[PDB]
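Atoms within each ligand, like the ligands themselves, are counted from 1 in listed order. Quick note: residue numbers are just sequence positions, from 1.
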Amino acid sequence: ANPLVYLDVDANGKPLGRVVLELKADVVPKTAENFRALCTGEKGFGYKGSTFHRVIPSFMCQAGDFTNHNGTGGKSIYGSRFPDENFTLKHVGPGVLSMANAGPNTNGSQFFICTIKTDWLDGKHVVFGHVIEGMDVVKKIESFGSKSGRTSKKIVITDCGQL
Ligand SMILES: NCCOCCNC(=O)[C@@H]1CCNC(=O)/C=C/C(=O)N2CCC[C@](Cc3ccccc3)(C2)C(=O)N[C@@H](Cc2ccc(C(=O)c3ccccc3)cc2)C(=O)NCc2ccccc2CC(=O)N1
């Protein structure tokens with residue numbers, strides 16, 4: 001079965017709730033495993049305590065830069081980056097979970113959750129999961145974003161793991 005993982009998120013130290021994500025290990029096993037292991041911290045590093053550092057209304061909420069917390073960093077469980085596994089799954093609508101990158105073959109740890117259909121990212125960002133519960137939490141995160149992506153409050157993944 002595809003793994004389910006969670007992100008528990010605060011805004012300014014106030015809980016927003018839990019996002020439940022299904023990882024499509026059937027289609028993108030390697031990309032799904034990276035995210036799963038970063039949620040559990042099993043390699044000695046991962047998402048716990050890091051932030052949603054770029055949140056753009058009517059676009060997406062981006063997180064996972066646990067080295068620099070600013071969108072320039074992060075790393076994968078396989079090394080500093082790994083190639084795009086495939087582009088099979090598409091940016092079909094809100095709730096899509098997809099890998100951030102700095103161009104081709106630069107997947108590390110940064111990821112995003114879409115709040116609209118981001119079809120122009122098809123073939124450029126590897127989709128690997130979807131929100132199955134807590135989309136309302138994602139909408140709360142989105143409400144603290146801005147056109148530049150700078151957040152109005154400190155949005156923190158206080159805990160995460162595998163369900
Ligand atoms: N209301 C409606 C609004 O509609 C507007 C629509 N806007 C859209 O379509 C927009 C239009 C185009 N602008 C953008 O690309 C926005 C870019 C942006 O913010 N920075 C700020 C952060 C830094 C930069 C540049 C930089 C500087 C140093 C090192 C690396 C990059 C630029 C970046 O690029 N960092 C990646 C994140 C990442 C991910 C993984 C790694 C990594 O492991 C690694 C990389 C290399 C070697 C080893 C490891 C590093 C960085 C970033 O953030 N990628 C952008 C992104 C992220 C998620 C989803 C999509 C998109 C595309 C987008 O945003 N496209």
Side-chain angles (χ1 to χ4, degrees), residues 5 7 9 11 16 19 21-24 27-131 134-149 151-157 160:
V5 297
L7 309 175
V9 186
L16 302 182
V19 183
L21 300 159
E22 177 181 336
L23 309 181
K24 296 295 196 180
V27 177
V28 279
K30 181 180 178 183
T31 306
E33 174 63 16
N34 180 63
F35 192 87
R36 188 201 67 74
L38 292 169
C39 286
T40 66
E42 72 157 70
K43 301 301 184 176
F45 51 89
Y47 296 132
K48 186 169 182 166
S50 62
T51 69
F52 278 83
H53 67 273
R54 179 169 174 249
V55 177
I56 298 172
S58 302
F59 181 22
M60 59 82 230
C61 309
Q62 184 178 345
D65 184 357
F66 53 75
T67 68
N68 300 341
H69 312 277
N70 67 13
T72 68
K75 63 183 182 187
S76 83
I77 67 173
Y78 314 111
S80 59
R81 65 201 179 102
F82 60 111
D84 299 312
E85 180 174 10
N86 63 53
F87 294 109
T88 299
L89 295 171
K90 307 299 180 184
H91 297 83
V92 297
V96 166
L97 176 67
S98 183
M99 288 303 283
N101 63 46
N105 302 310
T106 56
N107 301 287
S109 53
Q110 287 187 58
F111 66 94
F112 63 108
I113 303 171
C114 299
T115 55
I116 198 162
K117 176 169 177 169
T118 63
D119 55 291
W120 60 95
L121 304 178
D122 288 349
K124 300 173 177 295
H125 294 259
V126 176
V127 174
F128 66 99
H130 208 91
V131 173
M135 192 66 199
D136 282 357
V137 178
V138 177
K139 300 297 281 172
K140 290 196 255 209
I141 296 167
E142 181 189 27
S143 82
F144 303 125
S146 74
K147 64 174 153 182
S148 75
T151 54
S152 147
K153 312 184 161 176
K154 175 152 131 103
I155 310 306
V156 176
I157 299 168
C160 48

Open item on the list: Looking only at side-chain N and O atoms, does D119 offer a donor or acceptor that is under 3.5 Å from a partner on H91?
Closed with: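 No donor-acceptor contact under 3.5 Å links the two side chains.
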Is [atom] touching the protein, meaning some protein heavy atom lies under 4.0 Å away?
atom: atom 9 (O) of ligand 1; answer: yes
atom: atom 28 (C) of ligand 1; answer: yes
atom: atom 37 (C) of ligand 1; answer: yes
atom: atom 53 (O) of ligand 1; answer: yes
atom: atom 23 (C) of ligand 1; answer: yes
atom: atom 42 (C) of ligand 1; answer: yes

Please report which non-hydrogen protein atom sits nearest to [atom], along with the residue it belongs to and the distance in Å to one decimal place.
atom: atom 1 (N) of ligand 1; answer: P57 O, 2.7 Å
atom: atom 35 (N) of ligand 1; answer: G71 O, 2.9 Å
atom: atom 31 (C) of ligand 1; answer: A102 CB, 3.8 Å
atom: atom 62 (C) of ligand 1; answer: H125 NE2, 3.9 Å
atom: atom 34 (O) of ligand 1; answer: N101 O, 4.2 Å
atom: atom 45 (C) of ligand 1; answer: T106 CB, 3.7 Å
atom: atom 49 (C) of ligand 1; answer: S80 O, 3.5 Å

Does any N or O atom in [X] lie less than 3.5 angstrom from one in ligand 1, N or O only?
X: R54; result: yes
X: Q62; result: yes
X: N107; result: no

TODO: Could you tell me whether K124 atom NZ has more than 12 heavy atoms of other residues or ligands within 6.0 Å of it?
DONE: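 No.
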Task: Test item: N101 side-chain N/O and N107 main-chain N/O as donor-acceptor pair under 3.5 Å - done: no
Task: Main-chain N/O of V5 paired with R36 side-chain donor or acceptor, under 3.5 Å - done: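 Between the backbone of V5 and the side chain of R36 there is no qualifying donor-acceptor contact (under 3.5 Å).
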Task: Numbering as shown, the atoms of ligand 1 that approach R81 to under 4.0 Å (heavy-atom distance) - done: 47 (C), 48 (C), 49 (C)
Open item on the list: Heavy atoms only, cut-off 4.0 Å: how does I56 contact ligand 1, side chain, backbone, both, or neither?
Closed with: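 Only the side chain of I56 comes within reach of ligand 1.
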Open item on the list: Among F111, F112, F59, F82, which one puts a heavy atom closest to atom 59 (C) of ligand 1?
Closed with: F112
